[PDB]
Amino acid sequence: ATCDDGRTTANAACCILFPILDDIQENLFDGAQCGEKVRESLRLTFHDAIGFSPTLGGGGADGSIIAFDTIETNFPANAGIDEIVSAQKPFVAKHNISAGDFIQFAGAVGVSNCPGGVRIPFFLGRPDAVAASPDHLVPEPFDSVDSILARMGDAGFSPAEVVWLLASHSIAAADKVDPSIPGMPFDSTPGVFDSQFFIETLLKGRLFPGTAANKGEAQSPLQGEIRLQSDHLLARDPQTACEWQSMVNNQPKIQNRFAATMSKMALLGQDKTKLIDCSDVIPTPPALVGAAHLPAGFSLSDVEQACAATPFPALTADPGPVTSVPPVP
């Protein structure tokens, strides 16, 4: 099919997505930047979709977190999610797209803004949300590895898939984990979708980045960087450690596994065969910037070898003394 200006798309239905693309790039993503709203939008795709259980209920990737926002944004596990829900609501109302479609579309478009990012498949046609998600379906950073893997598994994700989805934390920061110091990222490159998150979580912890250890927080190897306890444990757990370590300096795998598993997550509670493939609408992301490295002042001795099958790859450290991670703008 073709759109008004002759651009090819596999289905004519996808043409309605282009004005939505332009509007969000300009008015949600601050001129197609990989910034705060991109990160919050990626996070929202998860908080919307993970509200899904074959036995416990929830319609999954159905836009319920927007359509029933007063209920869902008040779940303890959804702390801080109100701001991005509130920012996205006018776009949903203004455009001719369901809330479930908009959330996943905004996430895929956002990721395409990030250097090293990957194009996530996108399907159009999710119905309006039917009911609010049940509470207690969103994993929390203080949950045990077994609890987290059981909840994600109930939703349909294997431990390896949990690792692949956690590539999202390569472009991520926290406001609620430690309320005193908002905007500390989970890796040293929160604006670059790269392997630094998997490297840095495997380093021996050194400090608590604020003035307090908070619930759900582990020791961080870097000042200005925050480490979730869930990430700390998943990096090292036998169920996940070899998968975690394999992401290190493996950009093609990070991209490929993230795209595939995000697509699967965006379809929770949905039937892809009743939807329309509009993947070709998502822009090509900019290429990776920077390279895999240990932070400056670190050596391979700082790695906590958790994978038994294979040793950590022999990365080199950035030059100079150990430095802090600047807060995200």
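Don't overthink the numbering: it's just position in the shown sequence, from 1.
Of the two stretches examined, 209-217 and 192-200, the record assigns the greater average C-alpha temperature factor to 209-217. In this entry, 54-62 shows the higher mean Cα temperature factor of the pair 54-62 and 40-48. Of the candidates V177, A129, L233, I254, it is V177 whose Cα B-factor is highest according to the PDB record. The entry lists C-alpha B-factors for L267, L28, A287, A291, and the highest of these is at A291.
Looking at the C-alpha B-factors along this chain, the one for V118 belongs to the lowest third. For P139, the recorded CA temperature factor ranks within the middle third of the chain's modelled residues. Remark: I282 belongs to the lowest third of its chain, ranked by C-alpha B-factor as recorded. Per-chain ranking of the deposited C-alpha B factor places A296 in the highest third. Sort the chain's modelled residues by C-alpha temperature factor and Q223 lands in the highest third, per the entry.
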